[PDB]
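Given next, in structure tokens, is a single chain: the form deposited in one PDB entry.
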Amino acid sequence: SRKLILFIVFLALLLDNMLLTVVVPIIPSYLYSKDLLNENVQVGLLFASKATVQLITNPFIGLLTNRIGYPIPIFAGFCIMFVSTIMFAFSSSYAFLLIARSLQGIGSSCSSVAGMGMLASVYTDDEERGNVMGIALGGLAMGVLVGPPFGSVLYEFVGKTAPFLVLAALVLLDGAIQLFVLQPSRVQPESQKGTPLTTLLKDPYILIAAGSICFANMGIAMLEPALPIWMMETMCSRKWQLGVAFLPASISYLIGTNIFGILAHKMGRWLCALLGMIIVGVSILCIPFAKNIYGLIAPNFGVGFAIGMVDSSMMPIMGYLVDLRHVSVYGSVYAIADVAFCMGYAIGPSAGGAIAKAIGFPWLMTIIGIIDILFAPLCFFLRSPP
């Protein structure tokens, strides 16, 4: 009866991602007080901060779960996430909003690394692990799909402080379940010590598996903060777009994540990721020819699809490689996965702008595209000798 544990991770990934998306319709409210890709720095400093902290706290957890087990960290991540929500409920200043974003990120990392660790440690059969993760990655898409709509409508219809408090209730409810299934009472270590991080980072077959996740995420991040939505002006026609502009990413991501998780193992898992990167590159190369906001609807759909097509396939491969070559402790490797997932958001907002100053912003897209395709063929060396 391991399935129920999986359920927990699903929630741990849904609510966590609902909070970051929920603040989307509230960002312009206290932000103010001709090209389509005008860049804003105030949003940029809001996008990286959370990740800039999550990247720092990612490795420190990988060792921790080797000494005090998986449950306790998860519980801590819940607690922190609740605190963050509360801080949000009374956050009235931009600085205070940045402080809440930092703690949130901490909690996020805790949940992501510990959850995945356990989720790989419980499902030891390779195909099973594959599909289970392919399911657990869906929670990210659901959080991206529900957090922007759920909030906006309620905020205006009921109250400015409603969308946090109500959501906080669910978080509190979630805590109850964590106390019934995980039982963080007794702290115990693992059986055998894990492989030192250095050693893993000295391996090419892991480096690639981390580069594949970084490139695609880096491309999507370089686009998100530079959108006409954040621009607050009376000349703006309507805010209907705000709260739905993140649909074409999440809707495509859920299908790709649950449709290849069981399918990739049928074909070559190496083949699934290659085509993924190539299709993400093709979709990004059409972003320059937008000329209108609706012109961004077609690319993002593919973008997200391919993102899923990569993440579903790459996430298990990390655990399979550690089992085939190193000690069977999964706590540290997935930490690497997570940092490879986050670096794109950690470095996008600044570098992007810097290039936008050097050359035109469409030129930046024409570059991050080609690199992706250039990185595509070397996913062939995914078959491993040991």
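Residues carry their position along the shown sequence, with the first being 1. Whichever C-alpha set is largest while still superposing within 1.5 Å between the two forms counts as the rigid core.
Quick note: we don't show the form deposited in another entry, though the next part is all about it.
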| item | value |
| --- | --- |
| Core-superposed comparison between this form and the one not shown: the option from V244, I255, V181, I86 whose CA moves 2 angstroms or more | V244 |
| Rigid core fit then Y205 CA moved by 2 Å or more between this form and the one not shown | no |
| Displaced residue check between this form and the one not shown: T234, CA, 2 Å or over, core reference | yes |
| C-alpha of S191 moved at least 2 Å between this form and the one not shown on rigid core | no |
| Relative Cα spacing, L227 and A376, in the other form - shift of 3 Å or more | closer |
| Distance direction in the other form for the C-alpha atoms of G281 and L227, relative to the displayed form (3 angstroms or more) | closer |
